[PDB]
>>> print(open('coords39.txt').read())   # compact mmCIF, N, CA and C atoms
# COMPACT_ATOMS: atom_id res chain seq x y z
N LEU A 99 4.53 -42.83 20.48
CA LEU A 99 4.54 -41.43 20.07
C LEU A 99 5.14 -41.29 18.68
N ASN A 100 4.39 -41.65 17.65
CA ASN A 100 4.89 -41.56 16.29
C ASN A 100 5.11 -40.11 15.93
N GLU A 101 4.37 -39.25 16.61
CA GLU A 101 4.49 -37.84 16.43
C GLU A 101 5.82 -37.32 16.93
N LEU A 102 6.47 -37.98 17.92
CA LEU A 102 7.71 -37.34 18.31
C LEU A 102 8.67 -37.64 17.22
N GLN A 103 8.52 -38.83 16.63
CA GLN A 103 9.41 -39.19 15.56
C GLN A 103 9.12 -38.37 14.32
N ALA A 104 7.85 -38.11 14.05
CA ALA A 104 7.52 -37.32 12.90
C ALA A 104 8.08 -35.93 13.05
N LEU A 105 8.02 -35.37 14.26
CA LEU A 105 8.52 -34.04 14.52
C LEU A 105 10.02 -33.97 14.62
N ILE A 106 10.66 -34.98 15.19
CA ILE A 106 12.08 -34.86 15.37
C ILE A 106 12.72 -34.83 13.98
N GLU A 107 12.17 -35.63 13.05
CA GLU A 107 12.67 -35.67 11.69
C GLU A 107 12.11 -34.54 10.86
N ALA A 108 10.83 -34.19 11.02
CA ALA A 108 10.28 -33.14 10.19
C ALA A 108 10.96 -31.84 10.48
N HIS A 109 11.27 -31.59 11.75
CA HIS A 109 11.90 -30.35 12.08
C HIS A 109 13.25 -30.33 11.41
N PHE A 110 14.06 -31.32 11.68
CA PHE A 110 15.35 -31.34 11.04
C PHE A 110 15.40 -31.47 9.53
N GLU A 111 14.76 -32.47 8.96
CA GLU A 111 14.91 -32.66 7.54
C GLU A 111 14.25 -31.58 6.73
N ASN A 112 13.07 -31.10 7.14
CA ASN A 112 12.45 -30.14 6.26
C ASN A 112 13.20 -28.85 6.32
N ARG A 113 13.66 -28.48 7.51
CA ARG A 113 14.37 -27.25 7.63
C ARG A 113 15.79 -27.30 7.15
N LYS A 114 16.54 -28.34 7.45
CA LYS A 114 17.90 -28.25 7.00
C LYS A 114 17.92 -28.22 5.50
N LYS A 115 17.08 -29.03 4.85
CA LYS A 115 17.12 -28.99 3.41
C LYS A 115 16.64 -27.65 2.87
N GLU A 116 15.44 -27.20 3.23
CA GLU A 116 14.92 -25.98 2.64
C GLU A 116 15.76 -24.78 2.97
N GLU A 117 16.14 -24.69 4.24
CA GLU A 117 16.91 -23.57 4.76
C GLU A 117 18.34 -23.46 4.26
N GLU A 118 19.04 -24.58 4.16
CA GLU A 118 20.42 -24.48 3.72
C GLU A 118 20.37 -24.16 2.24
N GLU A 119 19.35 -24.68 1.53
CA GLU A 119 19.24 -24.33 0.13
C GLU A 119 18.99 -22.84 0.01
N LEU A 120 18.13 -22.25 0.86
CA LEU A 120 17.95 -20.82 0.70
C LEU A 120 19.24 -20.09 0.99
N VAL A 121 20.05 -20.60 1.91
CA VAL A 121 21.28 -19.90 2.16
C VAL A 121 22.10 -19.85 0.90
N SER A 122 22.34 -21.00 0.25
CA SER A 122 23.22 -20.95 -0.91
C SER A 122 22.56 -20.36 -2.16
N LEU A 123 21.25 -20.46 -2.28
CA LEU A 123 20.59 -19.92 -3.46
C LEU A 123 20.67 -18.42 -3.43
N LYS A 124 20.44 -17.86 -2.26
CA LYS A 124 20.48 -16.44 -2.11
C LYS A 124 21.91 -15.98 -2.11
N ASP A 125 22.85 -16.81 -1.64
CA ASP A 125 24.24 -16.39 -1.65
C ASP A 125 24.66 -16.08 -3.07
N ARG A 126 24.15 -16.86 -4.03
CA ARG A 126 24.46 -16.63 -5.43
C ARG A 126 23.75 -15.39 -5.94
N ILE A 127 22.51 -15.15 -5.49
CA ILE A 127 21.79 -13.95 -5.94
C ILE A 127 22.55 -12.73 -5.45
N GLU A 128 22.96 -12.80 -4.19
CA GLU A 128 23.71 -11.75 -3.53
C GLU A 128 25.03 -11.55 -4.23
N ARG A 129 25.72 -12.64 -4.57
CA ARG A 129 26.97 -12.44 -5.27
C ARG A 129 26.74 -11.74 -6.60
N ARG A 130 25.65 -12.07 -7.30
CA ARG A 130 25.34 -11.41 -8.56
C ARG A 130 25.00 -9.94 -8.34
N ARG A 131 24.31 -9.61 -7.26
CA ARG A 131 24.00 -8.23 -6.94
C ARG A 131 25.31 -7.49 -6.58
N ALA A 132 26.24 -8.19 -5.91
CA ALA A 132 27.55 -7.64 -5.60
C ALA A 132 28.30 -7.41 -6.92
N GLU A 133 28.06 -8.28 -7.92
CA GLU A 133 28.70 -8.06 -9.20
C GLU A 133 28.09 -6.82 -9.80
N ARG A 134 26.77 -6.63 -9.64
CA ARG A 134 26.16 -5.41 -10.14
C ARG A 134 26.85 -4.22 -9.49
N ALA A 135 27.15 -4.29 -8.19
CA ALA A 135 27.84 -3.18 -7.54
C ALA A 135 29.18 -2.95 -8.21
N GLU A 136 29.88 -4.04 -8.57
CA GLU A 136 31.17 -3.91 -9.24
C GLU A 136 30.96 -3.31 -10.61
N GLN A 137 29.89 -3.69 -11.28
CA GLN A 137 29.62 -3.17 -12.60
C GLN A 137 29.25 -1.71 -12.53
N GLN A 138 28.64 -1.27 -11.43
CA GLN A 138 28.36 0.15 -11.29
C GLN A 138 29.68 0.87 -11.05
N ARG A 139 30.58 0.26 -10.29
CA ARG A 139 31.90 0.86 -10.08
C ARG A 139 32.60 1.01 -11.43
N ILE A 140 32.49 -0.02 -12.27
CA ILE A 140 33.06 -0.03 -13.59
C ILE A 140 32.40 1.03 -14.45
N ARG A 141 31.08 1.15 -14.34
CA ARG A 141 30.34 2.14 -15.11
C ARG A 141 30.76 3.56 -14.74
N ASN A 142 30.99 3.78 -13.45
CA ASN A 142 31.39 5.10 -12.98
C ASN A 142 32.80 5.41 -13.47
N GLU A 143 33.69 4.40 -13.46
CA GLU A 143 35.04 4.59 -13.93
C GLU A 143 35.05 4.86 -15.42
N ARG A 144 34.23 4.13 -16.18
CA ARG A 144 34.18 4.31 -17.61
C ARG A 144 33.63 5.66 -17.98
N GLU A 145 32.62 6.15 -17.26
CA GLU A 145 32.08 7.45 -17.58
C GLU A 145 33.14 8.51 -17.34
N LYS A 146 33.90 8.38 -16.24
CA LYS A 146 34.94 9.33 -15.98
C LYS A 146 36.04 9.24 -17.02
N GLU A 147 36.42 8.04 -17.43
CA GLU A 147 37.47 7.92 -18.42
C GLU A 147 37.07 8.54 -19.74
N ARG A 148 35.81 8.34 -20.16
CA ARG A 148 35.34 8.89 -21.42
C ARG A 148 35.35 10.41 -21.42
N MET B 1 12.58 -27.50 22.70
CA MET B 1 12.92 -28.88 22.99
C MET B 1 11.72 -29.62 23.58
N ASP B 2 10.67 -29.64 22.79
CA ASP B 2 9.42 -30.25 23.12
C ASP B 2 9.56 -31.73 22.96
N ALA B 3 10.51 -32.15 22.12
CA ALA B 3 10.72 -33.56 21.95
C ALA B 3 11.08 -34.18 23.30
N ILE B 4 11.79 -33.44 24.12
CA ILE B 4 12.15 -33.98 25.41
C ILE B 4 11.28 -33.55 26.52
N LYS B 5 10.47 -32.55 26.32
CA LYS B 5 9.48 -32.34 27.35
C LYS B 5 8.63 -33.62 27.32
N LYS B 6 8.41 -34.14 26.11
CA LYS B 6 7.65 -35.35 25.92
C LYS B 6 8.45 -36.61 26.28
N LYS B 7 9.75 -36.67 25.96
CA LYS B 7 10.53 -37.84 26.35
C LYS B 7 10.66 -37.87 27.85
N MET B 8 10.84 -36.70 28.46
CA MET B 8 10.93 -36.55 29.88
C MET B 8 9.71 -37.11 30.50
N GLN B 9 8.54 -36.76 29.98
CA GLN B 9 7.36 -37.30 30.59
C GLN B 9 7.33 -38.80 30.43
N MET B 10 7.76 -39.32 29.29
CA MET B 10 7.71 -40.76 29.16
C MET B 10 8.64 -41.45 30.14
N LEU B 11 9.83 -40.92 30.32
CA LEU B 11 10.76 -41.54 31.23
C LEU B 11 10.34 -41.30 32.65
N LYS B 12 9.69 -40.16 32.89
CA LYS B 12 9.19 -39.84 34.19
C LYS B 12 8.14 -40.86 34.54
N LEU B 13 7.28 -41.21 33.59
CA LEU B 13 6.29 -42.22 33.85
C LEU B 13 6.94 -43.57 34.04
N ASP B 14 7.97 -43.87 33.25
CA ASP B 14 8.60 -45.15 33.41
C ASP B 14 9.25 -45.27 34.78
N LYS B 15 9.89 -44.20 35.25
CA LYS B 15 10.50 -44.28 36.55
C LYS B 15 9.50 -44.15 37.62
N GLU B 16 8.44 -43.40 37.40
CA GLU B 16 7.49 -43.21 38.45
C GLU B 16 6.82 -44.52 38.69
N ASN B 17 6.60 -45.29 37.62
CA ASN B 17 5.97 -46.57 37.75
C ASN B 17 6.94 -47.56 38.41
N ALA B 18 8.22 -47.52 38.02
CA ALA B 18 9.22 -48.39 38.64
C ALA B 18 9.40 -48.03 40.10
N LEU B 19 9.31 -46.74 40.40
CA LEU B 19 9.43 -46.18 41.72
C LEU B 19 8.23 -46.51 42.54
N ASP B 20 7.05 -46.43 41.94
CA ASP B 20 5.85 -46.80 42.63
C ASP B 20 6.07 -48.23 43.06
N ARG B 21 6.56 -49.06 42.13
CA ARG B 21 6.86 -50.42 42.50
C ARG B 21 7.98 -50.52 43.52
N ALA B 22 9.03 -49.70 43.45
CA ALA B 22 10.08 -49.80 44.46
C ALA B 22 9.54 -49.54 45.84
N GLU B 23 8.67 -48.55 45.92
CA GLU B 23 8.07 -48.16 47.16
C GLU B 23 7.09 -49.21 47.64
N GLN B 24 6.31 -49.79 46.73
CA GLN B 24 5.37 -50.83 47.11
C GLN B 24 6.11 -52.07 47.50
N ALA B 25 7.12 -52.42 46.74
CA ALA B 25 7.86 -53.62 46.99
C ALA B 25 8.47 -53.57 48.38
N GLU B 26 8.95 -52.39 48.79
CA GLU B 26 9.45 -52.27 50.14
C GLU B 26 8.28 -52.18 51.15
N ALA B 27 7.21 -51.47 50.79
CA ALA B 27 6.06 -51.27 51.67
C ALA B 27 5.34 -52.56 52.00
N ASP B 28 5.34 -53.50 51.06
CA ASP B 28 4.68 -54.79 51.19
C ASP B 28 5.24 -55.65 52.31
N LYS B 29 6.52 -55.44 52.65
CA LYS B 29 7.22 -56.20 53.68
C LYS B 29 7.14 -57.71 53.50
N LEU C 228 22.43 29.49 -14.56
CA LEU C 228 22.71 28.14 -14.96
C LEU C 228 24.04 27.65 -14.47
N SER C 229 25.00 28.53 -14.28
CA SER C 229 26.28 28.14 -13.74
C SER C 229 26.02 27.75 -12.33
N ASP C 230 25.22 28.54 -11.61
CA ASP C 230 24.91 28.18 -10.26
C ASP C 230 23.96 27.02 -10.27
N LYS C 231 23.00 26.98 -11.18
CA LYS C 231 22.08 25.86 -11.20
C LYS C 231 22.88 24.62 -11.47
N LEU C 232 23.91 24.73 -12.31
CA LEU C 232 24.81 23.65 -12.62
C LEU C 232 25.65 23.30 -11.44
N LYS C 233 26.23 24.26 -10.75
CA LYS C 233 27.01 23.95 -9.58
C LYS C 233 26.14 23.30 -8.54
N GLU C 234 24.90 23.75 -8.43
CA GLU C 234 23.93 23.23 -7.50
C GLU C 234 23.47 21.87 -7.96
N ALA C 235 23.26 21.70 -9.26
CA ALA C 235 22.87 20.43 -9.84
C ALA C 235 24.03 19.51 -9.79
N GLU C 236 25.22 20.06 -9.91
CA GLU C 236 26.46 19.33 -9.82
C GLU C 236 26.65 18.97 -8.39
N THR C 237 26.29 19.85 -7.47
CA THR C 237 26.36 19.55 -6.06
C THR C 237 25.38 18.44 -5.80
N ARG C 238 24.23 18.50 -6.46
CA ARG C 238 23.20 17.48 -6.30
C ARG C 238 23.66 16.20 -6.97
N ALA C 239 24.34 16.33 -8.11
CA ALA C 239 24.84 15.18 -8.82
C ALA C 239 25.94 14.57 -8.05
N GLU C 240 26.78 15.40 -7.46
CA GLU C 240 27.91 15.00 -6.69
C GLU C 240 27.35 14.51 -5.40
N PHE C 241 26.32 15.18 -4.90
CA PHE C 241 25.68 14.76 -3.68
C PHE C 241 25.14 13.43 -3.91
N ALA C 242 24.41 13.25 -4.98
CA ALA C 242 23.87 11.98 -5.26
C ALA C 242 25.00 11.00 -5.53
N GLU C 243 26.10 11.40 -6.17
CA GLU C 243 27.18 10.43 -6.35
C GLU C 243 27.75 10.04 -5.01
N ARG C 244 27.86 11.00 -4.09
CA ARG C 244 28.40 10.72 -2.76
C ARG C 244 27.38 9.96 -1.91
N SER C 245 26.12 10.35 -2.03
CA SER C 245 25.05 9.73 -1.30
C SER C 245 24.95 8.32 -1.79
N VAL C 246 25.04 8.15 -3.11
CA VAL C 246 25.05 6.86 -3.71
C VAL C 246 26.28 6.17 -3.21
N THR C 247 27.44 6.82 -3.16
CA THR C 247 28.65 6.19 -2.65
C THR C 247 28.46 5.76 -1.21
N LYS C 248 27.87 6.60 -0.38
CA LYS C 248 27.62 6.26 1.00
C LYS C 248 26.68 5.09 1.05
N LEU C 249 25.71 5.07 0.16
CA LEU C 249 24.75 4.00 0.10
C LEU C 249 25.27 2.79 -0.66
N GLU C 250 26.32 2.99 -1.45
CA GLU C 250 26.96 1.91 -2.17
C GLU C 250 27.68 1.17 -1.06
N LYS C 251 28.24 1.95 -0.13
CA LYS C 251 28.90 1.40 1.02
C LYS C 251 27.88 0.80 1.96
N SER C 252 26.78 1.50 2.24
CA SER C 252 25.78 0.99 3.15
C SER C 252 24.98 -0.12 2.51
N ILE C 253 24.86 -0.17 1.19
CA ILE C 253 24.13 -1.28 0.63
C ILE C 253 25.03 -2.44 0.76
N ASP C 254 26.34 -2.28 0.52
CA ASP C 254 27.23 -3.40 0.63
C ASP C 254 27.35 -3.78 2.08
N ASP C 255 27.27 -2.81 2.99
CA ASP C 255 27.34 -3.19 4.38
C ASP C 255 26.09 -3.93 4.71
N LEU C 256 24.93 -3.53 4.20
CA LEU C 256 23.75 -4.29 4.48
C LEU C 256 23.75 -5.59 3.74
N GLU C 257 24.40 -5.64 2.58
CA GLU C 257 24.46 -6.87 1.80
C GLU C 257 25.37 -7.88 2.51
N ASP C 258 26.37 -7.35 3.20
CA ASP C 258 27.33 -8.14 3.94
C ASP C 258 26.85 -8.42 5.34
N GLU C 259 26.11 -7.50 5.93
CA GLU C 259 25.55 -7.68 7.26
C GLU C 259 24.35 -8.57 7.17
N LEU C 260 23.54 -8.43 6.13
CA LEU C 260 22.40 -9.31 6.03
C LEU C 260 22.95 -10.68 5.74
N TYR C 261 23.93 -10.74 4.85
CA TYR C 261 24.61 -11.96 4.52
C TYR C 261 25.21 -12.59 5.74
N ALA C 262 26.00 -11.83 6.49
CA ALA C 262 26.65 -12.35 7.66
C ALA C 262 25.66 -12.74 8.71
N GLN C 263 24.59 -11.97 8.86
CA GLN C 263 23.65 -12.34 9.87
C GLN C 263 22.96 -13.59 9.44
N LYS C 264 22.58 -13.74 8.20
CA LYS C 264 21.93 -14.98 7.80
C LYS C 264 22.86 -16.17 7.85
N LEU C 265 24.08 -15.93 7.38
CA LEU C 265 25.12 -16.90 7.30
C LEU C 265 25.50 -17.37 8.65
N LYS C 266 25.45 -16.50 9.64
CA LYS C 266 25.74 -16.94 10.97
C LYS C 266 24.47 -17.23 11.73
N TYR C 267 23.38 -16.59 11.40
CA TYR C 267 22.19 -16.80 12.19
C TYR C 267 21.36 -17.97 11.81
N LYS C 268 21.07 -18.17 10.53
CA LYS C 268 20.30 -19.34 10.27
C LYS C 268 21.34 -20.45 10.31
N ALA C 269 22.54 -20.19 9.83
CA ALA C 269 23.47 -21.30 9.90
C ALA C 269 23.72 -21.75 11.34
N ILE C 270 23.78 -20.84 12.32
CA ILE C 270 23.98 -21.29 13.68
C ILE C 270 22.70 -21.72 14.33
N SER C 271 21.64 -20.95 14.25
CA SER C 271 20.44 -21.34 14.96
C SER C 271 19.70 -22.50 14.33
N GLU C 272 19.83 -22.64 13.02
CA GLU C 272 19.22 -23.76 12.32
C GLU C 272 20.06 -24.98 12.67
N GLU C 273 21.35 -24.74 12.86
CA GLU C 273 22.29 -25.77 13.25
C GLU C 273 21.93 -26.15 14.67
N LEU C 274 21.58 -25.14 15.48
CA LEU C 274 21.17 -25.41 16.84
C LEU C 274 19.90 -26.26 16.80
N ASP C 275 18.99 -26.03 15.84
CA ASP C 275 17.81 -26.90 15.69
C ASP C 275 18.23 -28.28 15.16
N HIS C 276 19.29 -28.35 14.36
CA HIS C 276 19.79 -29.66 13.96
C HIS C 276 20.30 -30.28 15.22
N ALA C 277 21.05 -29.52 16.00
CA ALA C 277 21.52 -30.05 17.22
C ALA C 277 20.29 -30.45 18.02
N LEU C 278 19.16 -29.72 18.00
CA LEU C 278 17.95 -30.16 18.72
C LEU C 278 17.64 -31.58 18.32
N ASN C 279 17.72 -31.88 17.03
CA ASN C 279 17.42 -33.23 16.59
C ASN C 279 18.23 -34.24 17.40
N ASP C 280 19.48 -33.89 17.71
CA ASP C 280 20.32 -34.74 18.53
C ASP C 280 20.25 -34.38 20.02
N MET C 281 20.10 -33.10 20.35
CA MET C 281 20.17 -32.62 21.72
C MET C 281 19.11 -33.18 22.54
N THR C 282 17.94 -33.33 21.93
CA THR C 282 16.72 -33.79 22.53
C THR C 282 16.50 -35.27 22.30
N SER C 283 17.50 -35.93 21.75
CA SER C 283 17.40 -37.35 21.61
C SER C 283 17.76 -37.83 23.00
N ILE C 284 17.63 -39.12 23.25
CA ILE C 284 17.97 -39.80 24.50
C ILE C 284 16.77 -39.75 25.40
>>> encode(input="coords39.txt", output="C-alpha cells")
Amino acid sequence: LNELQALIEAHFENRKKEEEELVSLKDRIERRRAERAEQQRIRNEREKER
Amino acid sequence: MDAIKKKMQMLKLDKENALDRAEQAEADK
Amino acid sequence: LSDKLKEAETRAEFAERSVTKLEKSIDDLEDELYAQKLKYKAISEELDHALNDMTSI
C-alpha cells in the first residue's frame, strides 16, 4: 500500500508546512492591520490635539 | 483515520489468515 | 445648520462611536478570528499531525 504511505506523509507534510506558514504569514498581516488600528487611534488623537 | 481503517484491514487479514490457520491446525487433528 | 451640524455632529459622533464600537468589534474579530485560527488550525491541524502518528501502528 504505497498509497497509505503517500497519504500518511502527504497529509502531514503538505498541510503542516502550508498551513503553519499561513498561520504565521497572516499573523504578520494581522499585526500590521492591528498597527493600522493603532495608527487610527493616533490619527484620532492628533486630530483632537490640533 | 483512513490510514488505519486500511491498516486495520491489513492486520485483520493477517490475523484472519493466522486464525484460519489456528482453527485449521486444531481442526486437522 | 446648527441643528444640521448637531445632527451631522451626532452623525459624526455616531460614526465616531459606531466606528469605536466597530474598532472594538473589528479588533474583537481580529482577535477572535486570530484566536480561532491560532487555536483551531493549530489544534486541529495538530490533531491531523497527531493523525500521522495516531494512525500509525
>>> residues_around(input="coords39.txt", residues="residue C:280", least_positions_apart="5", cutoff="8 Å", atoms="only N, CA and C atoms", output="PDB file with N, CA and C atoms, keeping the file's coordinate frame")
ATOM      1  N   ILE A 106      10.660 -34.980  15.190  1.00  0.00           N
ATOM      2  CA  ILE A 106      12.080 -34.860  15.370  1.00  0.00           C
ATOM      3  C   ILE A 106      12.720 -34.830  13.980  1.00  0.00           C
TER       4      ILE A 106
ATOM      5  N   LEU C 274      21.580 -25.140  15.480  1.00  0.00           N
ATOM      6  CA  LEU C 274      21.170 -25.410  16.840  1.00  0.00           C
ATOM      7  C   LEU C 274      19.900 -26.260  16.800  1.00  0.00           C
ATOM      8  N   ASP C 275      18.990 -26.030  15.840  1.00  0.00           N
ATOM      9  CA  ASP C 275      17.810 -26.900  15.690  1.00  0.00           C
ATOM     10  C   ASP C 275      18.230 -28.280  15.160  1.00  0.00           C
TER      11      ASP C 275
END
>>> atom_distance(input="coords39.txt", atom1="atom CA of residue B:8", atom2="atom CA of residue C:282")
9.8 Å
>>> interface_residues(input="coords39.txt", of="chain C", to="chain B", cutoff="7 Å", atoms="all atoms listed in the file", output="PyMOL selection string")
chain C and resi 278+282-284
>>> write_last_selection(input="coords39.txt", atoms="N, CA and C atoms", output="PDB file, keeping the file's coordinate frame")
ATOM      1  N   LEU C 278      19.160 -29.720  18.000  1.00  0.00           N
ATOM      2  CA  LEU C 278      17.950 -30.160  18.720  1.00  0.00           C
ATOM      3  C   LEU C 278      17.640 -31.580  18.320  1.00  0.00           C
ATOM      4  N   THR C 282      17.940 -33.330  21.930  1.00  0.00           N
ATOM      5  CA  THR C 282      16.720 -33.790  22.530  1.00  0.00           C
ATOM      6  C   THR C 282      16.500 -35.270  22.300  1.00  0.00           C
ATOM      7  N   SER C 283      17.500 -35.930  21.750  1.00  0.00           N
ATOM      8  CA  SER C 283      17.400 -37.350  21.610  1.00  0.00           C
ATOM      9  C   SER C 283      17.760 -37.830  23.000  1.00  0.00           C
ATOM     10  N   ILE C 284      17.630 -39.120  23.250  1.00  0.00           N
ATOM     11  CA  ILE C 284      17.970 -39.800  24.500  1.00  0.00           C
ATOM     12  C   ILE C 284      16.770 -39.750  25.400  1.00  0.00           C
TER      13      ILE C 284
END
>>> residues_around(input="coords39.txt", residues="stretch 110-120 of chain A", least_positions_apart="5", cutoff="8 Å", atoms="all atoms listed in the file", output="PyMOL selection string")
(chain A and resi 104-105+125-126) or (chain C and resi 268-269+272-273+275-279)
>>> atom_distance(input="coords39.txt", atom1="atom N of residue C:256", atom2="atom C of residue A:140")
20.6 Å
>>> axis_aligned_box(input="coords39.txt", around="stretch 17-28 of chain B", padding_each_side="3 Å", output="lines of an AutoDock Vina configuration file")
center_x = 7.4
center_y = -50.5
center_z = 45.0
size_x = 11.4
size_y = 16.4
size_z = 20.7
